[PDB]
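Some notes on the structure that comes next.
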Amino acid sequence: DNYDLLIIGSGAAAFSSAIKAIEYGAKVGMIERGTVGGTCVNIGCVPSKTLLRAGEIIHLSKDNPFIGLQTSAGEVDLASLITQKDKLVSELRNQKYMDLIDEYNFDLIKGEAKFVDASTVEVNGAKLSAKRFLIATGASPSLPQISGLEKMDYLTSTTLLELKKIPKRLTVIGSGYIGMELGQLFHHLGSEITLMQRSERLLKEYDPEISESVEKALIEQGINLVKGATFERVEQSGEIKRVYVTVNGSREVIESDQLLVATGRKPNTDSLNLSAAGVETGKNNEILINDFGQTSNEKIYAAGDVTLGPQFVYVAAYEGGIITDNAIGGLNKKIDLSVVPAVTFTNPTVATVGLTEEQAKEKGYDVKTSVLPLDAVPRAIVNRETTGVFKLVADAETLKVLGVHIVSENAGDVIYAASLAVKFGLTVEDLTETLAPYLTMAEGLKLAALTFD
Amino acid sequence: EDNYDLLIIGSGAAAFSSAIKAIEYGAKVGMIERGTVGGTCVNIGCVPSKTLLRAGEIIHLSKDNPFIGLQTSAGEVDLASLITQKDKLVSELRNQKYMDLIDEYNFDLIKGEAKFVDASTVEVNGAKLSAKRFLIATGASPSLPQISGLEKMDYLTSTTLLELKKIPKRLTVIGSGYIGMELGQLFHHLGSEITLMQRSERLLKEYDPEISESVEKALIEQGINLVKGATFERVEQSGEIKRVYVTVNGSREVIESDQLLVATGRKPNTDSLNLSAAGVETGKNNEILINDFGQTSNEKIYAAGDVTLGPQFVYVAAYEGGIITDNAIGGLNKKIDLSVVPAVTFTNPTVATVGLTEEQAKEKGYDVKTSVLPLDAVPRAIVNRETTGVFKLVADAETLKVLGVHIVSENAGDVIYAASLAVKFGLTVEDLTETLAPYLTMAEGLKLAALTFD
Ligand SMILES: Cc1cc2nc3c(=O)[nH]c(=O)nc-3n(C[C@H](O)[C@H](O)[C@H](O)COP(=O)(O)OP(=O)(O)OC[C@H]3O[C@@H](n4cnc5c(N)ncnc54)[C@H](O)[C@@H]3O)c2cc1C
Ligand SMILES: Cc1cc2nc3c(=O)[nH]c(=O)nc-3n(C[C@H](O)[C@H](O)[C@H](O)COP(=O)(O)OP(=O)(O)OC[C@H]3O[C@@H](n4cnc5c(N)ncnc54)[C@H](O)[C@@H]3O)c2cc1C
């Protein structure tokens, strides 16, 4: 048919864009290669986070700092956790399916799509035209270029979350947050974990205090780390042995029962034949867009993980809505990602919003930093867990908050406030003027703001 | 020609805050403490209640959780260990509070009970002391109700219960406030049948209806017994193993218990002060009256903290202490701004309020517009498999500015801080929709609540 807007994808960006597009009264189509919903609902956020909740519960049941308690944690039936998880993602995706019946405008086309023309695509054999296109194809697990991994029984973020047999030992190869979250997940479920990465600092992109802190907590909990490693080759023997490579000038090997690969996530632009539609691709295989989400083709827009931006679901939905506003309705709204929060749901949780110290220096600010150890926050003390940090990056001249970086329990709830401070230009003085609830983690912010001479 | 520049009666949050801010001005100050240094929050109040609450939450999650594959269990609790460890923690913490005894080498710790004998002098331990300025940060103490028989009875208070080292098989709580809820749920999670009794027909009468209904639903779901709308007539005791209660809704009923906790209120400690000898006004509820600057009827006597029967929180006490010091020392005529005070009831689910309720905003004259979001709509609550709560949003229909936020959810005390920033600095619901919210966090609820306006 001659659609008004054709969407390649079914993720958060595809859904936000489809809704906002039907609001304008346009006939739209949703082309999905596989299972509807995208990554976050089925193989991404939701499963990881619910399983992480279970793991945190059993971890507190097995080892807690309070003496009088007589708690214990037995062996885990992972099959049950995974089946219940799948029931939850199915229920949730079903709560997302209210958009097929309702919004009775858009048409669900199932199949792999490829571009054949500047205005038409081909899927499952048939051709489809449209006045506007949205490429919200997302990203998929990326692989490293290390010997032996080719023919090997390795797991990815998606495959590990299907495993129904707890490995006695799991090795993670990844510098990102997914490797940490899944690693700690299986450590709390009863498994000796070994994190391996080439970067010499845990979470290389964060501030030094954050890396040192989260690393200290991870080592304290019992996760083994292998930093600064140079990966040469990996081998497998009878599905009951693994391998590793040199580190710090000494050839070492790490045998494991399972191997997880968390290198990165590559955009799914290969099968699109973007060159047949005049859509430029970047050095990292992404899709290039302008401030309005428009590609080199005037009537093809892109949003989500496929555009190498902050690979988060909320950014994907935001970008979808804005892009739709630009393509349909003409409203020239720019994509504002100047303040995007990031949460690594380990315990202690890592959380960032705004600029780091090095980033604020690069931007040209006259930076003033204040670092507060978690043992200074009352809530961390009464909880008898004080491994963390609150970092505050401000402008020494105007006192405006440029960035907040936290390592503490449920820090994902605190950085929202920090976001409000950064976006709306609140000063540290403002943070001291506001009353903070005693024995909450948010109090950390105030206590960090009370660190300027 | 006097003994001190500023003399403080008390050692609580207000006393220390005022001492710090006063030494900053370079003034000779004194701290008169009747008993144990640190005040209520460190020794008998916040810190103990919340650390024990943390333990109780841990054991409760160990005994009952919604995730199937987990095989966790929780045995009988050794309360003695929890209480001794608690005391070790408050000792460590008060010891960290002593850093002000040397870092701020100005103030002098005088120990003894003080009473006023003149408009400008006090008496402690026999000796008299003059000062150009006075701060009455005497705090509050557990109050008792007017019900027959409780006078001669082995009842517990907020301070005594935190010392109990034997888990009662059944504990009855008499209180409409948050302390009763916190301690009640604490001992419920420690393995004890709890029964909350109050005269108000709605849990937390001052909060919004949805908040009361929700938190009540969670308490009943957990297994806490509630007795609302009760008229308290008499209570009896027999051999330290039996208790009593009174009629409710027109049917005389009785609640037998192994222990009885009283959380009615907290009376200011103004009796032993002889304020009438210094010309300091007291209110109908035995409090100390102050103006907008914290100044009493006596020009050179200020007051701050719980004795000033205002929002009875430690952060409000410290704030009031600092401001009062600014007024008395330094002359700066700064008013006490309590227009945005957060409140947290650290039960699970946690209750959290900041700003105006719906009825309060209507009374103030606003054209109110509310948005209520059930907790089962928040992703983080869903993945956690605990969805008993609510997000209520009170806004101004004209300017869309956020007037108040009220939440019932896990660790909601961390979220309302954001809400505070929204209320204090006049952010609109549209502003909350413009901001990107982290997925699978409870703070996201705020955004989801802002996305409910037609
Ligand atoms: C383990 C894990 C944890 C994560 N945790 C978080 C988190 O905590 N917070 C967070 O914000 N983000 C998280 N993410 C990332 C998040 O899932 C993504 O940022 C988000 O889903 C992006 O949405 P999207 O629409 O852009 O792409 P996607 O949601 O991935 O959707 C892509 C869809 O496009 C389809 N498709 C692909 N190629 C084609 C083609 N050629 N033709 C037709 N259809 C095609 C696919 O079948 C898929 O359904 C996580 C990811 C993983 C793997
Ligand atoms: C169980 C419980 C839990 C609580 N939880 C919280 C919470 O979570 N958050 C929160 O914000 N607040 C909480 N509070 C309240 C909080 O502790 C108080 O509001 C706060 O301590 C008030 O500080 P203050 O200095 O005004 O009074 P206080 O801290 O009580 O200080 C009073 C001091 O004055 C001294 N004094 C009294 N009379 C005399 C006299 N005649 N002469 C000399 N000295 C005298 C006493 O020795 C005492 O040390 C809680 C209270 C209780 C009981």
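Numbering starts fresh at 1 for the residues of each chain in the structure tokens, the chains themselves are lettered A, B, ... in the order given, and ligands are numbered from 1 as they appear.
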TODO: Name all residues at most 10 Å from residue 159 in chain A (count only C-alpha atoms; drop same-chain ones fewer than 4 positions away) and give them as a list in words.
DONE: residues 43, 154, 155, 163 and 260 of chain A
Open item on the list: Based on only C-alpha atoms, which of the residues in chain A come within 7 Å of chain B? I want them as a PyMOL selection string.
Closed with: chain A and resi 46+49-50+53-54+57-58+60-61+66-78+80-81+314+340-342+382-383+412-414+416-417+435-438+440-442
Would you export the selected residues with C-alpha atoms as a PDB file, in the first residue's frame, please?
```pdb
ATOM      1  CA  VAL A  46      12.880  -6.103  32.171  1.00  0.00           C
ATOM      2  CA  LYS A  49      16.128  -6.214  36.310  1.00  0.00           C
ATOM      3  CA  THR A  50      13.602  -8.700  37.697  1.00  0.00           C
ATOM      4  CA  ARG A  53      15.871  -8.237  42.099  1.00  0.00           C
ATOM      5  CA  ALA A  54      15.653 -11.950  42.901  1.00  0.00           C
ATOM      6  CA  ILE A  57      16.954 -10.823  47.689  1.00  0.00           C
ATOM      7  CA  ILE A  58      18.798 -14.139  47.941  1.00  0.00           C
ATOM      8  CA  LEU A  60      20.685 -10.384  51.423  1.00  0.00           C
ATOM      9  CA  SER A  61      19.213 -13.659  52.693  1.00  0.00           C
ATOM     10  CA  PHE A  66      22.977  -7.534  61.042  1.00  0.00           C
ATOM     11  CA  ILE A  67      23.925  -9.996  63.760  1.00  0.00           C
ATOM     12  CA  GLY A  68      20.666 -10.969  65.441  1.00  0.00           C
ATOM     13  CA  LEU A  69      19.116 -12.161  62.184  1.00  0.00           C
ATOM     14  CA  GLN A  70      19.180 -15.909  61.490  1.00  0.00           C
ATOM     15  CA  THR A  71      18.562 -15.996  57.731  1.00  0.00           C
ATOM     16  CA  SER A  72      19.747 -18.509  55.154  1.00  0.00           C
ATOM     17  CA  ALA A  73      19.613 -19.085  51.402  1.00  0.00           C
ATOM     18  CA  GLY A  74      19.404 -22.537  49.832  1.00  0.00           C
ATOM     19  CA  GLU A  75      20.150 -23.718  46.317  1.00  0.00           C
ATOM     20  CA  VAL A  76      18.337 -21.852  43.546  1.00  0.00           C
ATOM     21  CA  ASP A  77      16.031 -23.391  40.933  1.00  0.00           C
ATOM     22  CA  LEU A  78      16.948 -21.146  38.021  1.00  0.00           C
ATOM     23  CA  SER A  80      11.618 -21.456  37.868  1.00  0.00           C
ATOM     24  CA  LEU A  81      13.107 -17.953  37.899  1.00  0.00           C
ATOM     25  CA  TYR A 314      13.765   6.350  27.341  1.00  0.00           C
ATOM     26  CA  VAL A 340      20.346  11.917  29.877  1.00  0.00           C
ATOM     27  CA  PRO A 341      20.562   9.834  33.072  1.00  0.00           C
ATOM     28  CA  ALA A 342      22.295   6.463  33.143  1.00  0.00           C
ATOM     29  CA  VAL A 382      22.073   2.570  59.470  1.00  0.00           C
ATOM     30  CA  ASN A 383      21.986   0.134  56.538  1.00  0.00           C
ATOM     31  CA  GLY A 412      18.794   5.445  40.329  1.00  0.00           C
ATOM     32  CA  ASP A 413      16.067   7.227  42.295  1.00  0.00           C
ATOM     33  CA  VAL A 414      18.430   9.982  43.460  1.00  0.00           C
ATOM     34  CA  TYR A 416      16.381  12.063  38.972  1.00  0.00           C
ATOM     35  CA  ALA A 417      16.661  15.014  41.357  1.00  0.00           C
ATOM     36  CA  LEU A 435      15.445  20.423  53.170  1.00  0.00           C
ATOM     37  CA  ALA A 436      16.496  16.807  52.741  1.00  0.00           C
ATOM     38  CA  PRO A 437      14.709  13.900  54.477  1.00  0.00           C
ATOM     39  CA  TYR A 438      16.923  12.396  57.151  1.00  0.00           C
ATOM     40  CA  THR A 440      17.489   8.810  52.907  1.00  0.00           C
ATOM     41  CA  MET A 441      20.066   8.378  50.167  1.00  0.00           C
ATOM     42  CA  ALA A 442      18.939  11.608  48.499  1.00  0.00           C
TER      43      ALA A 442
END
```
TODO: From the DSSP assignment of the backbone, select every residue of range 21-150 of chain A that is helix (DSSP H, G or I), and format the answer as a ChimeraX atom specification.
DONE: /A:21-23,39-42,45-62,78-96,98-101
Kindly work out which residues sit at most 6 Å from ligand 1, using only C-alpha atoms and all ligand atoms, and give the list as a JSON list (two decimals) with C-alpha atoms, in the first residue's frame.
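File written: out.json
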```json
[["chain", "number", "residue", "atom", "x", "y", "z"],
["A", 8, "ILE", "CA", 11.19, -0.52, 10.29],
["A", 9, "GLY", "CA", 11.22, -1.88, 13.83],
["A", 10, "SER", "CA", 9.01, -2.64, 16.81],
["A", 11, "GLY", "CA", 10.96, -1.17, 19.75],
["A", 12, "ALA", "CA", 10.32, 1.78, 22.02],
["A", 13, "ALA", "CA", 11.12, 4.25, 19.25],
["A", 14, "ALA", "CA", 8.88, 2.38, 16.81],
["A", 31, "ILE", "CA", 7.57, -3.92, 9.94],
["A", 32, "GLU", "CA", 8.96, -6.40, 12.46],
["A", 33, "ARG", "CA", 11.66, -8.96, 11.67],
["A", 34, "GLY", "CA", 10.99, -11.22, 14.67],
["A", 35, "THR", "CA", 9.22, -10.97, 18.01],
["A", 36, "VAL", "CA", 7.26, -7.75, 18.57],
["A", 37, "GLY", "CA", 8.37, -5.34, 21.29],
["A", 38, "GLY", "CA", 12.09, -5.01, 20.66],
["A", 39, "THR", "CA", 14.94, -5.57, 23.08],
["A", 40, "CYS", "CA", 13.88, -3.86, 26.30],
["A", 44, "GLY", "CA", 16.81, -6.57, 27.63],
["A", 45, "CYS", "CA", 15.87, -4.37, 30.57],
["A", 48, "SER", "CA", 17.72, -8.42, 33.65],
["A", 112, "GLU", "CA", 12.78, -8.71, 7.29],
["A", 113, "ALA", "CA", 12.86, -5.40, 5.43],
["A", 136, "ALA", "CA", 14.15, 2.32, 14.36],
["A", 137, "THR", "CA", 15.93, -1.00, 13.84],
["A", 138, "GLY", "CA", 17.79, -0.87, 17.16],
["A", 139, "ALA", "CA", 21.01, -2.76, 17.89],
["A", 157, "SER", "CA", 23.05, -10.95, 26.96],
["A", 178, "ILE", "CA", 25.52, -5.29, 30.95],
["A", 268, "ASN", "CA", 21.31, -3.62, 12.70],
["A", 271, "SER", "CA", 20.32, -6.12, 6.10],
["A", 272, "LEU", "CA", 18.82, -2.72, 5.21],
["A", 304, "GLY", "CA", 16.80, 4.59, 18.82],
["A", 305, "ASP", "CA", 19.87, 2.41, 19.21],
["A", 311, "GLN", "CA", 21.55, 3.32, 24.07],
["A", 312, "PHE", "CA", 18.64, 3.62, 26.49],
["A", 313, "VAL", "CA", 14.93, 2.94, 26.10],
["A", 314, "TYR", "CA", 13.77, 6.35, 27.34],
["A", 316, "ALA", "CA", 14.61, 5.75, 22.16],
["B", 439, "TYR", "CA", 13.56, 3.45, 33.21]]
```
TODO: Could you give me, as an MDAnalysis selection string, every polymer residue with an atom at most 7 Å away from an atom of ligand 2, counting only C-alpha atoms and all ligand atoms?
DONE: (chainID A and resid 437:439) or (chainID B and resid 9:15 32:41 44:46 49 112:115 137:140 158:159 179 269 272:273 304:307 312:315 317 344)
TODO: Quick one: everything within 6 Å of range 331-336 of chain B, counting only C-alpha atoms, minus sequence neighbours fewer than 5 positions away in the same chain. Send it as JSON, numbers by chain.
DONE: {"B": [292, 293, 326]}
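Nearest residue to residue 19 in chain A, choosing from A:108, A:142, A:234, A:320 and counting only C-alpha atoms: A:320.
CA of residue 57 in chain B to CA of residue 411 in chain A spans 18.7 Å [interatomic distance, one decimal].
Atom pair CA of residue 418 in chain A / CA of residue 433 in chain A has a distance of 14.8 Å (rounded to one decimal).
Distances from A:273, A:258, A:326, A:237 to residue 290 in chain A were compared using only C-alpha atoms, and the smallest one belongs to A:326.
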- [ ] Give the strand (DSSP E or B) residues of range 7-120 of chain B, as assigned by DSSP on the backbone, as a PyMOL selection string.
- [x] chain B and resi 7-9+29-33+72-74+108-111+114-116
TODO: Kindly give the distance, in Å, that separates CA of residue 17 in chain B and CA of residue 135 in chain B, rounded to a single decimal.
DONE: 11.2 Å
Open item on the list: Show me, as a PyMOL selection string, the residues that have an atom within 12 Å of residue 152 in chain B when counting only C-alpha atoms, minus same-chain residues fewer than 5 positions from it.
Closed with: chain B and resi 147+234-238
